[PDB]
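Trainee: Dropping the structure in here first, questions after.
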Amino acid sequence: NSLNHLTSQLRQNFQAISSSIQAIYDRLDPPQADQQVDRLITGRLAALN
Amino acid sequence: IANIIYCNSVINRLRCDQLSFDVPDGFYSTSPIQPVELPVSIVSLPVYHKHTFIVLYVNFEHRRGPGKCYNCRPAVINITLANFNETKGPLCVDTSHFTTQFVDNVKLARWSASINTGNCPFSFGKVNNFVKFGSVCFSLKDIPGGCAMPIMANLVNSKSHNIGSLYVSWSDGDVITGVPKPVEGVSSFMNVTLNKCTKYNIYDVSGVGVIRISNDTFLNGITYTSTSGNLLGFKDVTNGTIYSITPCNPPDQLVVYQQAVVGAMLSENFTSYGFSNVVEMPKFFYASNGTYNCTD
Amino acid sequence: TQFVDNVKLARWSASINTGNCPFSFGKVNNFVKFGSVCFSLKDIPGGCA
Amino acid sequence: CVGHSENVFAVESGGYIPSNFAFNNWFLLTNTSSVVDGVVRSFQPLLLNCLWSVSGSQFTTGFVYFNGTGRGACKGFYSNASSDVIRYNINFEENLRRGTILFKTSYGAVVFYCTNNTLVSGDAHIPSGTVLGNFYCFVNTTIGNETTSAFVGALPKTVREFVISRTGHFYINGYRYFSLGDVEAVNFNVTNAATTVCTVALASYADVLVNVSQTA
Amino acid sequence: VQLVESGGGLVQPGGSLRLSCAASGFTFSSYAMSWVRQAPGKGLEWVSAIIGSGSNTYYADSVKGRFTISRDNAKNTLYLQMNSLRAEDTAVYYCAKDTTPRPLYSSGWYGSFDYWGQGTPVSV
Amino acid sequence: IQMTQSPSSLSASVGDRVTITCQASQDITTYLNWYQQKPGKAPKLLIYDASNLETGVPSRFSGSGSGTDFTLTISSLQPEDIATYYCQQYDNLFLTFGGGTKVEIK
Ligand SMILES: *[C@@H]1O[C@H](CO)[C@@H](O[C@@H]2O[C@H](CO)[C@@H](O[C@@H]3O[C@H](CO[C@H]4O[C@H](CO)[C@@H](O)[C@H](O)[C@@H]4O)[C@@H](O)[C@H](O[C@H]4O[C@H](CO)[C@@H](O)[C@H](O)[C@@H]4O)[C@@H]3O)[C@H](O)[C@H]2NC(C)=O)[C@H](O)[C@H]1NC(C)=O
Ligand SMILES: *[C@@H]1O[C@H](CO)[C@@H](O[C@@H]2O[C@H](CO)[C@@H](O[C@@H]3O[C@H](CO)[C@@H](O)[C@H](O)[C@@H]3O)[C@H](O)[C@H]2NC(C)=O)[C@H](O)[C@H]1NC(C)=O
Ligand SMILES: *[C@@H]1O[C@H](CO)[C@@H](O[C@@H]2O[C@H](CO)[C@@H](O[C@@H]3O[C@H](CO)[C@@H](O)[C@H](O)[C@@H]3O)[C@H](O)[C@H]2NC(C)=O)[C@H](O)[C@H]1NC(C)=O
Ligand SMILES: *[C@@H]1O[C@H](CO)[C@@H](O[C@@H]2O[C@H](CO)[C@@H](O[C@@H]3O[C@H](CO)[C@@H](O)[C@H](O)[C@@H]3O)[C@H](O)[C@H]2NC(C)=O)[C@H](O)[C@H]1NC(C)=O
Ligand SMILES: *[C@@H]1O[C@H](CO)[C@@H](O[C@@H]2O[C@H](CO)[C@@H](O)[C@H](O)[C@H]2NC(C)=O)[C@H](O)[C@H]1NC(C)=O
Ligand SMILES: *[C@@H]1O[C@H](CO)[C@@H](O)[C@H](O)[C@H]1NC(C)=O
Ligand SMILES: *[C@@H]1O[C@H](CO)[C@@H](O)[C@H](O)[C@H]1NC(C)=O
Ligand SMILES: *[C@@H]1O[C@H](CO)[C@@H](O)[C@H](O)[C@H]1NC(C)=O
Ligand SMILES: *[C@@H]1O[C@H](CO)[C@@H](O)[C@H](O)[C@H]1NC(C)=O
Ligand SMILES: *[C@@H]1O[C@H](CO)[C@@H](O)[C@H](O)[C@H]1NC(C)=O
Ligand SMILES: *[C@@H]1O[C@H](CO)[C@@H](O)[C@H](O)[C@H]1NC(C)=O
Ligand SMILES: *[C@@H]1O[C@H](CO)[C@@H](O)[C@H](O)[C@H]1NC(C)=O
Ligand SMILES: *[C@@H]1O[C@H](CO)[C@@H](O)[C@H](O)[C@H]1NC(C)=O
Ligand SMILES: *[C@@H]1O[C@H](CO)[C@@H](O)[C@H](O)[C@H]1NC(C)=O
Ligand SMILES: *[C@@H]1O[C@H](CO)[C@@H](O)[C@H](O)[C@H]1NC(C)=O
Ligand SMILES: *[C@@H]1O[C@H](CO)[C@@H](O)[C@H](O)[C@H]1NC(C)=O
């Protein structure tokens, strides 16, 4: 139960364009992609806590 | 400053991310550095193909007359969007594949044109990275409910001026995708490298990994994914063979004892981190400088 | 930034609102930092009103 | 059909599949990725309105409509309801590579074929980047009296099952490859007929829970 | 901004020669490269040019078809392929740098070279 | 596009207001640059866009013109000015160089 909950949170978009980090960097320039990746970083760190 | 340490060695690097000068004895996770020569591997399904070229031309010049000013804003601007016609309405792509090209026609030295992302959720130049759309339209006049990509003119070591914008409207969907370019003689349907870290775009899924051949004979589907959503493997429709995908640099573990690294747990048969000896353990490889003549 | 109300009609006054901008016209005078800023009476692409 | 006498089974009352069925060549339909192992809940066309055997029946079947027109001798429970999916079970490693599949629409007739000799496809609108030494599939749409050809793509070396939806969804080995638009009938006229086709079933969407192992 | 070339020598007519030029001290991918040679007692004759991305390739009439221009952005190196040598290719070759920085996603004009190399001559 | 540099050679003394002109045979508008060529060395850029002084060159050089005839004038000749000169147009991707001139000392 604890592992499945942790792995399922990787699919969340966290109000970003996509849950895949590589997808963001393939679509936007680095100045704008960083603001989108930060959404995934904060959300995923919360899942780890 | 009282003292410093340089993050150059294996033990010193572990102290820099741990943000401490003393590391307690234990096991620490680490990851090898990723290579930089990443090739490109592409797998796609052959479908009804038509290619549309969205070409944007930017050209400007200084007003010819008695004043030969150079740092001033340009006075004549000529921006065209290929087959765009204002009275026909916006230029909407209506084919399966398309690409975007930026052609700078300014001949003035030290002058150059550029296009910014603006409020759009994608960049004009990055659309060629297999981006999916249900519909997409480009126009030189404002489009309702769309986004605007500013067009800028730049001088070397001098402030740049806005010279217009490009308006784009889109909807989500999988009918139109953007490809880099139809090079004459490249089989973009199945072109992949094996046993090397490569960047891939396989069946509309992008990532970085290693591709290899497995004897698995799954009969259903063409793409297999894990719970996290990451692509674990794919099938070649022309072959029947199934290929597996593995991350390029999986994590390892380092054993620290008395402020030094004495061994490392590895998933591969390599004498990594400078250790001269490696042994095979039931579920991993172990590398260390040890001579195995100990009991405590 | 300065706002000058040149209307002389009694019971009449002018005002400016924030709109969608991330700052107010009168509040810029509170040591707001910018890399660049431009003002115009016509629409500026990628700006605010 | 063929083997155990129960590969073709008797449909239970209401259109349910017997709880001991081996589901051989009955694939989990998917539009994107495919599950390897696990338990998944999804809407699948597993509620059978009629199931009949083709091999050993001598009927040869012919054309099958989504409505009851053209159905064979249903084994077990059957209904006069309208279906939304037609399933063509196709045997061990058999390939549709040497035949054609006919279709009937509200605008004319459509035929799907796969070929290696460019003389059979007629025109081909820029089929670039392909290996010229292997077969590719095309499609002729006859708008009445006007014949038009088009390239659709490629199919695997071997096909284990064929599934076509009324809305034109084209499934092969559990994966959607094409979208032919609205379709009112289909014919599986391929050489070595009555042996390549094993069982044909008309099904409807139903809410099911599936225990999937090795993508089966 | 230093430019250095290599690959000079004596080659028989009709053979092949692999010329090279190295660049450093600037962002290599943002500037269009060019190749030019000075014949003995003659002025400057343009040979070939390459865009910063390497997508577009241009040549002169006499250069056309005989040689191919290439660049490798991963190591800041400019490459040239001498093929089908004639006696009139005996000269010194210079690799130049354009003065206009352009984005990697854009094709553009060229012509105002500011920095040159040292010159590797060839004989045939 | 053909371009002619005339005269091919001229001699002047220290302090002379030397002037060199080259024709273009086509309407080049303003797309021309001038180069400095010390024999035994690779060329260097002097003036671009026919009128702009490059930051690495002394302010004693000036150029002007529009259309088909273009000019490059030196305010006063200095001892290191003795070198080959060249004009080159960039109005077309198949750019061409001029005939080249050899200044000389007196
Ligand atoms: C791949 O992707 C495509 C595109 O999304 C999917 O196609 C859709 O599939 C769903 C399957 O659920 C379809 O929805 C179903 O439509 C059935 C028919 O509905 C039509 O007919 C009735 C009258 O008979 C009309 O009233 C209705 O408006 C439609 O015109 C219905 O049988 C289904 O309803 C059942 O389920 C719903 C669930 O909410 C219940 O409320 C109902 O009571 C009933 O039990 C359902 O509506 C959808 O129409 C398809 N769309 C298209 C465009 O093709 C593929 O199925 C998908 N494949 C896979 C494997 O995922
Ligand atoms: C603004 O710039 C665009 C740049 O594309 C100019 O359009 C281009 O104009 C030239 C000259 O008219 C065209 O060149 C010739 O076109 C003919 C007709 O097809 C062709 O036979 C020749 O080979 C040559 O290409 C060019 O095609 C055309 N390009 C486009 C994309 O329209 C435009 O004229 C400029 N406008 C102004 C006011 O400066
Ligand atoms: C289920 O629908 C199908 C369509 O796929 C029906 O098939 C055809 O429908 C037409 C409808 O009138 C029937 O038309 C008749 O055709 C004859 C010409 O031969 C003409 O004599 C009549 O005037 C009339 O037009 C035709 O019977 C029918 N074809 C077949 C093969 O039956 C099928 O009837 C439908 N049945 C149901 C259950 O709805
Ligand atoms: C979902 O389907 C899978 C695959 O059919 C089921 O796994 C299978 O379950 C059976 C019954 O437990 C296993 O058989 C047993 O195997 C052991 C070891 O050989 C043997 O001692 C027993 O007598 C019996 O034969 C079978 O091996 C196993 N297959 C796999 C691949 O693991 C699973 O149980 C199904 N689950 C549900 C909830 O329906
Ligand atoms: C699909 O359509 C094309 C186009 O009509 C057919 O190509 C014709 O093929 C015949 C021989 O079978 C040739 O004589 C004709 O000249 C072709 N047509 C054209 C327009 O060139 C093709 O045969 C059709 N295939 C099937 C299987 O129906
Ligand atoms: C725009 O399209 C209309 C309709 O075809 C045409 O009459 C007009 O000439 C076009 N204008 C331009 C500038 O292309
Ligand atoms: C794969 O693509 C690369 C791109 O550099 C190309 O060099 C190679 O020839 C391609 N191979 C095939 C078989 O398409
Ligand atoms: C091949 O398949 C078997 C069965 O899955 C597997 O255990 C084995 O490791 C695979 N080995 C090779 C060498 O392909
Ligand atoms: C699979 O496909 C590739 C080309 O796509 C080929 O190199 C390989 O040998 C094929 N293998 C088999 C077993 O057909
Ligand atoms: C591990 O590598 C060593 C050194 O090359 C080799 O002798 C040994 O056989 C390998 N063992 C395994 C299990 O790969
Ligand atoms: C282990 O032994 C080798 C002997 O060459 C030496 O290079 C290496 O640095 C030693 N490592 C440690 C961690 O003591
Ligand atoms: C191993 O340990 C013993 C006991 O400490 C020591 O005397 C000996 O030299 C070591 N080496 C071997 C090969 O026994
Ligand atoms: C289906 O329709 C036919 C024709 O009317 C009828 O004979 C048959 O009994 C019907 N069956 C069912 C099960 O409703
Ligand atoms: C398939 O087409 C290729 C085209 O290269 C041809 O060489 C080959 O003979 C054809 N083969 C068959 C078996 O029909
Ligand atoms: C129908 O058939 C005739 C046969 O000669 C052909 O000429 C005609 O173009 C076809 N056309 C249409 C529009 O259905
Ligand atoms: C049925 O298939 C056979 C064998 O391919 C063919 O000769 C015949 O013309 C086909 N008939 C129809 C109606 O498709």
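Residue numbering restarts at 1 for every chain of the structure tokens, chains are lettered A, B, ... in their displayed order, and ligands are numbered from 1 as they appear.
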Show me which residues sit within 10 Å of ligand 4 when counting only C-alpha atoms and all ligand atoms, and put them as a list in words.
Mentor: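 Going residue by residue within 10 Å of ligand 4, we get residues 22, 37, 38, 39, 210, 211, 212, 213, 214 and 216 of chain D.
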Trainee: Could you write those residues out with N, CA, C and O atoms, as a PDB file, in the first residue's frame?
Mentor:
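The resulting result-v7.pdb:
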```
ATOM      1  N   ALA D  22     -10.704 -20.275 -21.674  1.00  0.00           N
ATOM      2  CA  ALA D  22      -9.269 -20.013 -21.701  1.00  0.00           C
ATOM      3  C   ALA D  22      -8.888 -18.695 -22.364  1.00  0.00           C
ATOM      4  O   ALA D  22      -7.720 -18.302 -22.273  1.00  0.00           O
ATOM      5  N   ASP D  37       1.080  -7.293 -16.491  1.00  0.00           N
ATOM      6  CA  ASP D  37       0.545  -8.071 -15.384  1.00  0.00           C
ATOM      7  C   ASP D  37      -0.243  -7.162 -14.456  1.00  0.00           C
ATOM      8  O   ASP D  37       0.112  -5.996 -14.277  1.00  0.00           O
ATOM      9  N   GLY D  38      -1.313  -7.689 -13.879  1.00  0.00           N
ATOM     10  CA  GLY D  38      -2.119  -6.934 -12.947  1.00  0.00           C
ATOM     11  C   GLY D  38      -3.594  -7.183 -13.158  1.00  0.00           C
ATOM     12  O   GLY D  38      -4.000  -8.033 -13.947  1.00  0.00           O
ATOM     13  N   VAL D  39      -4.401  -6.437 -12.409  1.00  0.00           N
ATOM     14  CA  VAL D  39      -5.855  -6.487 -12.484  1.00  0.00           C
ATOM     15  C   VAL D  39      -6.334  -5.104 -12.890  1.00  0.00           C
ATOM     16  O   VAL D  39      -5.987  -4.110 -12.245  1.00  0.00           O
ATOM     17  N   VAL D 210     -10.650  -7.517 -15.407  1.00  0.00           N
ATOM     18  CA  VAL D 210      -9.838  -8.525 -16.076  1.00  0.00           C
ATOM     19  C   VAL D 210      -8.550  -8.785 -15.309  1.00  0.00           C
ATOM     20  O   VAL D 210      -7.848  -7.845 -14.921  1.00  0.00           O
ATOM     21  N   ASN D 211      -8.246 -10.064 -15.102  1.00  0.00           N
ATOM     22  CA  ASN D 211      -6.978 -10.514 -14.535  1.00  0.00           C
ATOM     23  C   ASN D 211      -6.109 -10.766 -15.763  1.00  0.00           C
ATOM     24  O   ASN D 211      -6.294 -11.758 -16.468  1.00  0.00           O
ATOM     25  N   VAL D 212      -5.167  -9.860 -16.035  1.00  0.00           N
ATOM     26  CA  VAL D 212      -4.279  -9.955 -17.194  1.00  0.00           C
ATOM     27  C   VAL D 212      -2.903 -10.458 -16.782  1.00  0.00           C
ATOM     28  O   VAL D 212      -2.289  -9.928 -15.848  1.00  0.00           O
ATOM     29  N   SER D 213      -2.433 -11.498 -17.472  1.00  0.00           N
ATOM     30  CA  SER D 213      -1.119 -12.094 -17.265  1.00  0.00           C
ATOM     31  C   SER D 213      -0.417 -12.251 -18.606  1.00  0.00           C
ATOM     32  O   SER D 213      -0.979 -12.840 -19.535  1.00  0.00           O
ATOM     33  N   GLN D 214       0.815 -11.741 -18.691  1.00  0.00           N
ATOM     34  CA  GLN D 214       1.608 -11.749 -19.926  1.00  0.00           C
ATOM     35  C   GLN D 214       0.853 -11.117 -21.093  1.00  0.00           C
ATOM     36  O   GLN D 214       0.871 -11.620 -22.217  1.00  0.00           O
ATOM     37  N   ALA D 216      -2.202 -11.171 -21.605  1.00  0.00           N
ATOM     38  CA  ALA D 216      -3.274 -12.035 -22.070  1.00  0.00           C
ATOM     39  C   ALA D 216      -4.353 -12.125 -21.004  1.00  0.00           C
ATOM     40  O   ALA D 216      -4.070 -12.062 -19.804  1.00  0.00           O
TER      41      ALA D 216
END
```
Trainee: Got a sec to pull out which chain B residues are within 9 Å of chain F, counting only C-alpha atoms, and send them as a PyMOL selection string?
Mentor: chain B and resi 68+70+107-109
Trainee: Residues as selected, N, CA and C atoms, written as a tab-separated table (two decimals), in the first residue's frame, can you do that?
Mentor:
```tsv
chain	number	residue	atom	x	y	z
B	68	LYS	N	22.34	58.47	-41.62
B	68	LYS	CA	22.86	57.11	-41.55
B	68	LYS	C	22.98	56.67	-40.08
B	70	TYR	N	22.41	53.97	-37.12
B	70	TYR	CA	22.42	52.51	-37.05
B	70	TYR	C	21.78	51.94	-35.80
B	107	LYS	N	19.91	41.50	-44.06
B	107	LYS	CA	21.29	41.48	-44.50
B	107	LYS	C	22.17	42.46	-43.73
B	108	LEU	N	21.57	43.35	-42.94
B	108	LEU	CA	22.35	44.32	-42.18
B	108	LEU	C	23.27	43.59	-41.22
B	109	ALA	N	24.54	43.98	-41.21
B	109	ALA	CA	25.49	43.39	-40.29
B	109	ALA	C	25.11	43.71	-38.85
```
Trainee: Within 8 Å of segment 46-59 of chain B, counting only C-alpha atoms, which residues show up once you throw out same-chain ones fewer than 6 positions away? Write them as a ChimeraX atom specification, please.
Mentor: /B:77-82,93,95-106,113,189 /D:125-127,150-154
Trainee: Residues near residue 6 of chain F, anyone? I mean within 12 Å using only C-alpha atoms, not counting same-chain ones fewer than 6 positions away, as a PyMOL selection string.
Mentor: chain F and resi 19-24+69-72+85-87+98-103
Trainee: Save the residues we just selected, N, CA, C and O atoms, as a CSV table (one decimal), in the first residue's frame?
Mentor:
```csv
chain,number,residue,atom,x,y,z
F,19,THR,N,42.7,58.1,-51.0
F,19,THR,CA,41.3,57.7,-51.3
F,19,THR,C,41.3,56.6,-52.3
F,19,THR,O,42.0,56.7,-53.3
F,20,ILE,N,40.5,55.6,-52.0
F,20,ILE,CA,40.3,54.4,-52.9
F,20,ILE,C,38.8,54.2,-53.2
F,20,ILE,O,38.0,54.2,-52.2
F,21,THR,N,38.4,53.9,-54.4
F,21,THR,CA,37.1,53.7,-54.8
F,21,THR,C,37.0,52.3,-55.6
F,21,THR,O,37.9,51.9,-56.3
F,22,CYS,N,35.8,51.7,-55.4
F,22,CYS,CA,35.5,50.4,-56.1
F,22,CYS,C,34.1,50.4,-56.6
F,22,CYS,O,33.2,50.9,-55.8
F,23,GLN,N,33.8,50.0,-57.8
F,23,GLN,CA,32.5,49.9,-58.4
F,23,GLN,C,31.9,48.5,-58.2
F,23,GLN,O,32.6,47.5,-58.0
F,24,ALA,N,30.6,48.4,-58.3
F,24,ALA,CA,29.8,47.2,-58.0
F,24,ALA,C,29.0,46.6,-59.2
F,24,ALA,O,28.6,45.4,-59.0
F,69,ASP,N,28.6,52.9,-56.8
F,69,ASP,CA,29.9,53.3,-56.6
F,69,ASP,C,30.1,53.6,-55.1
F,69,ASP,O,29.3,54.2,-54.5
F,70,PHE,N,31.2,53.1,-54.6
F,70,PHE,CA,31.5,53.2,-53.1
F,70,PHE,C,32.9,53.6,-52.9
F,70,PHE,O,33.8,53.4,-53.8
F,71,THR,N,33.1,54.4,-51.8
F,71,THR,CA,34.4,55.0,-51.6
F,71,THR,C,35.0,54.7,-50.2
F,71,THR,O,34.2,54.5,-49.2
F,72,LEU,N,36.3,54.6,-50.1
F,72,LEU,CA,37.0,54.4,-48.8
F,72,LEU,C,38.1,55.4,-48.7
F,72,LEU,O,39.1,55.3,-49.6
F,85,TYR,N,44.4,46.2,-49.8
F,85,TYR,CA,43.0,46.5,-49.4
F,85,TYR,C,42.1,45.7,-50.3
F,85,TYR,O,42.4,45.4,-51.5
F,86,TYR,N,40.9,45.4,-49.8
F,86,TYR,CA,39.9,44.7,-50.6
F,86,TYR,C,38.5,45.1,-50.1
F,86,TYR,O,38.2,45.4,-49.0
F,87,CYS,N,37.6,45.2,-51.1
F,87,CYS,CA,36.2,45.5,-50.9
F,87,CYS,C,35.4,44.2,-51.2
F,87,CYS,O,35.8,43.4,-52.1
F,98,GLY,N,36.6,42.3,-54.6
F,98,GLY,CA,37.1,43.2,-55.6
F,98,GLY,C,38.5,42.8,-56.1
F,98,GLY,O,39.1,41.8,-55.8
F,99,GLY,N,39.0,43.6,-57.1
F,99,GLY,CA,40.2,43.3,-57.7
F,99,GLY,C,41.4,43.4,-56.8
F,99,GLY,O,42.5,42.8,-57.1
F,100,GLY,N,41.3,44.1,-55.7
F,100,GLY,CA,42.4,44.3,-54.8
F,100,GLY,C,43.4,45.4,-55.2
F,100,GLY,O,43.8,45.5,-56.3
F,101,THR,N,43.8,46.2,-54.2
F,101,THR,CA,44.7,47.3,-54.4
F,101,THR,C,45.9,47.2,-53.5
F,101,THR,O,45.8,46.8,-52.3
F,102,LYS,N,47.1,47.6,-54.0
F,102,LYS,CA,48.4,47.6,-53.2
F,102,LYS,C,48.9,49.0,-53.0
F,102,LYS,O,49.5,49.6,-53.9
F,103,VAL,N,48.6,49.6,-51.9
F,103,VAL,CA,49.1,50.9,-51.5
F,103,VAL,C,50.6,50.8,-51.3
F,103,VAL,O,51.2,49.8,-51.0
```
Trainee: Could I get the residue neighbourhood of ligand 14 at 9 Å, counting only C-alpha atoms and all ligand atoms, as a list in words?
Mentor: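 Final answer, ordered by chain and number: residues 115, 116, 117, 118, 131, 132, 133, 134 and 135 of chain D.
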Trainee: Leaving out residue 94 of chain E and any residue of its chain fewer than 3 positions from it, which residues lie within 6 Å of it when counting only C-alpha atoms, given as a list in words?
Mentor: residues 35, 36, 117 and 119 of chain E
Trainee: Report as a ChimeraX atom specification all protein, DNA and RNA residues lying within 12 Å of residue 191 of chain B, evaluated on only C-alpha atoms, omitting residues in the same chain fewer than 2 positions from it.
Mentor: /B:39-44,185-189,193-194,198-202,211,236 /D:129-130
Trainee: Just write the chosen residues, N, CA and C atoms, as a CSV table (one decimal), in the first residue's frame.
Mentor:
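So the final result, stored in out_0.csv, reads:
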```csv
chain,number,residue,atom,x,y,z
B,39,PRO,N,22.8,9.9,-28.9
B,39,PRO,CA,22.2,9.8,-30.3
B,39,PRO,C,20.7,9.9,-30.2
B,40,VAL,N,20.1,10.0,-31.3
B,40,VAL,CA,18.6,10.1,-31.4
B,40,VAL,C,18.1,8.9,-32.1
B,41,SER,N,17.1,8.2,-31.4
B,41,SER,CA,16.4,7.0,-31.9
B,41,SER,C,15.0,7.3,-32.0
B,42,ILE,N,14.4,7.0,-33.1
B,42,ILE,CA,13.0,7.4,-33.4
B,42,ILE,C,12.3,6.1,-33.9
B,43,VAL,N,11.1,5.9,-33.4
B,43,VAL,CA,10.2,4.8,-33.8
B,43,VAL,C,8.8,5.4,-34.0
B,44,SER,N,8.2,5.2,-35.2
B,44,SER,CA,6.9,5.8,-35.4
B,44,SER,C,6.1,4.8,-36.3
B,185,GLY,N,16.2,10.2,-47.7
B,185,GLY,CA,17.0,9.0,-47.4
B,185,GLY,C,17.1,8.6,-45.9
B,186,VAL,N,16.2,9.1,-45.1
B,186,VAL,CA,16.2,8.7,-43.7
B,186,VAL,C,14.9,8.0,-43.4
B,187,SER,N,15.0,6.7,-42.9
B,187,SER,CA,13.8,5.9,-42.5
B,187,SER,C,13.5,6.2,-41.1
B,188,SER,N,12.6,7.3,-40.9
B,188,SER,CA,12.2,7.7,-39.6
B,188,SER,C,11.2,6.7,-39.0
B,189,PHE,N,10.8,5.7,-39.7
B,189,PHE,CA,9.9,4.7,-39.1
B,189,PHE,C,10.6,3.8,-38.0
B,193,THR,N,19.5,2.9,-32.1
B,193,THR,CA,20.8,2.3,-31.7
B,193,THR,C,20.7,1.5,-30.5
B,194,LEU,N,21.6,0.5,-30.3
B,194,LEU,CA,21.5,-0.5,-29.2
B,194,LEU,C,22.8,-0.5,-28.3
B,198,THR,N,21.0,6.6,-25.3
B,198,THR,CA,20.5,7.4,-26.4
B,198,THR,C,19.2,8.1,-26.0
B,199,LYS,N,18.9,9.2,-26.6
B,199,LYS,CA,17.6,9.9,-26.5
B,199,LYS,C,16.7,9.3,-27.5
B,200,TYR,N,15.5,8.9,-27.0
B,200,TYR,CA,14.5,8.3,-27.9
B,200,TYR,C,13.2,9.0,-27.8
B,201,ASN,N,12.4,8.8,-28.9
B,201,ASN,CA,11.0,9.2,-29.1
B,201,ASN,C,10.4,8.0,-29.8
B,202,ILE,N,9.9,7.1,-29.0
B,202,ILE,CA,9.3,5.9,-29.4
B,202,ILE,C,7.8,5.9,-29.2
B,211,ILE,N,18.4,0.8,-25.1
B,211,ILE,CA,17.5,-0.1,-25.8
B,211,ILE,C,18.3,-1.4,-26.1
B,236,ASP,N,8.4,-4.0,-32.4
B,236,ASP,CA,8.5,-3.5,-33.8
B,236,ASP,C,7.5,-4.3,-34.6
D,129,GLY,N,10.4,6.6,-47.0
D,129,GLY,CA,11.1,6.1,-45.8
D,129,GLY,C,10.8,4.6,-45.5
D,130,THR,N,10.1,3.9,-46.3
D,130,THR,CA,9.7,2.5,-46.1
D,130,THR,C,10.8,1.6,-46.8
```
Trainee: As a VMD selection string, please: the residues near segment 11-23 of chain A (cut-off 9 Å, only C-alpha atoms, same-chain neighbours under 5 positions excluded).
Mentor: (chain A and resid 28 36 to 37 39 to 40 42 to 44) or (chain B and resid 121 131 205 to 208 227 to 230)
Trainee: Taking the backbone alone, and naming residues the way the document does, which bits of segment 93-186 of chain B are strand (DSSP E or B) by DSSP, as a ChimeraX atom specification?
Mentor: /B:97-104,111-115,132-139,147-155,158-178
Trainee: For ligand 12, list the contacting residues at 12 Å or closer, counting only C-alpha atoms and all ligand atoms, as a PyMOL selection string.
Mentor: chain B and resi 290-296
Trainee: With C-alpha atoms kept, could you save the residues just selected as a PDB file, in the first residue's frame?
Mentor:
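Generated file (result_39.pdb):
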```pdb
ATOM      1  CA  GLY B 290      39.496  -5.905   0.041  1.00  0.00           C
ATOM      2  CA  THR B 291      41.568  -9.089   0.043  1.00  0.00           C
ATOM      3  CA  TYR B 292      38.908 -11.266   1.762  1.00  0.00           C
ATOM      4  CA  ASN B 293      41.218 -12.518   4.539  1.00  0.00           C
ATOM      5  CA  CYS B 294      39.088 -10.957   7.308  1.00  0.00           C
ATOM      6  CA  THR B 295      36.532 -12.256   9.812  1.00  0.00           C
ATOM      7  CA  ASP B 296      35.344  -9.238  11.881  1.00  0.00           C
TER       8      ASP B 296
END
```
Trainee: If the limit is 12 Å from any atom of ligand 16, counting only C-alpha atoms and all ligand atoms, which residues qualify? Return them as a ChimeraX atom specification.
Mentor: /D:60-63,96-103,109-113,186-194
Trainee: Which of chain E end up as helix (DSSP H, G or I) when DSSP is run on this backbone - answer as a list in words?
Mentor: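 Assigned to helix (DSSP H, G or I), within chain E: residues 28, 29, 30, 87, 88 and 89 of chain E.
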Trainee: Go ahead and dump the residues you just picked, C-alpha atoms, as a PDB file, in the first residue's frame.
Mentor:
```
ATOM      1  CA  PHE E  28      30.607  28.115 -32.198  1.00  0.00           C
ATOM      2  CA  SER E  29      27.000  27.177 -33.019  1.00  0.00           C
ATOM      3  CA  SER E  30      25.803  30.797 -33.270  1.00  0.00           C
ATOM      4  CA  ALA E  87      45.939  22.262 -60.710  1.00  0.00           C
ATOM      5  CA  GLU E  88      44.222  25.582 -59.900  1.00  0.00           C
ATOM      6  CA  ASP E  89      43.440  24.611 -56.279  1.00  0.00           C
TER       7      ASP E  89
END
```
Trainee: If you count only C-alpha atoms and all ligand atoms, which residues end up within 7 Å of ligand 8, as an MDAnalysis selection string?
Mentor: chainID B and resid 214:216
Trainee: For the selection just defined, write its residues with N, CA and C atoms to a file, as an mmCIF file, in the first residue's frame.
Mentor:
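Below is the file that was written, selection-v8.cif:
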```cif
data_model
loop_
_atom_site.group_PDB
_atom_site.id
_atom_site.type_symbol
_atom_site.label_atom_id
_atom_site.label_comp_id
_atom_site.auth_asym_id
_atom_site.auth_seq_id
_atom_site.Cartn_x
_atom_site.Cartn_y
_atom_site.Cartn_z
ATOM 1 N N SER B 214 15.187 -8.410 -25.968
ATOM 2 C CA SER B 214 14.784 -9.425 -25.005
ATOM 3 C C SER B 214 14.042 -10.544 -25.724
ATOM 4 N N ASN B 215 14.100 -11.766 -25.181
ATOM 5 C CA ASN B 215 13.385 -12.831 -25.878
ATOM 6 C C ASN B 215 11.888 -12.831 -25.593
ATOM 7 N N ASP B 216 11.378 -11.896 -24.793
ATOM 8 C CA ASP B 216 9.954 -11.881 -24.474
ATOM 9 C C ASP B 216 9.107 -11.846 -25.740
#
```
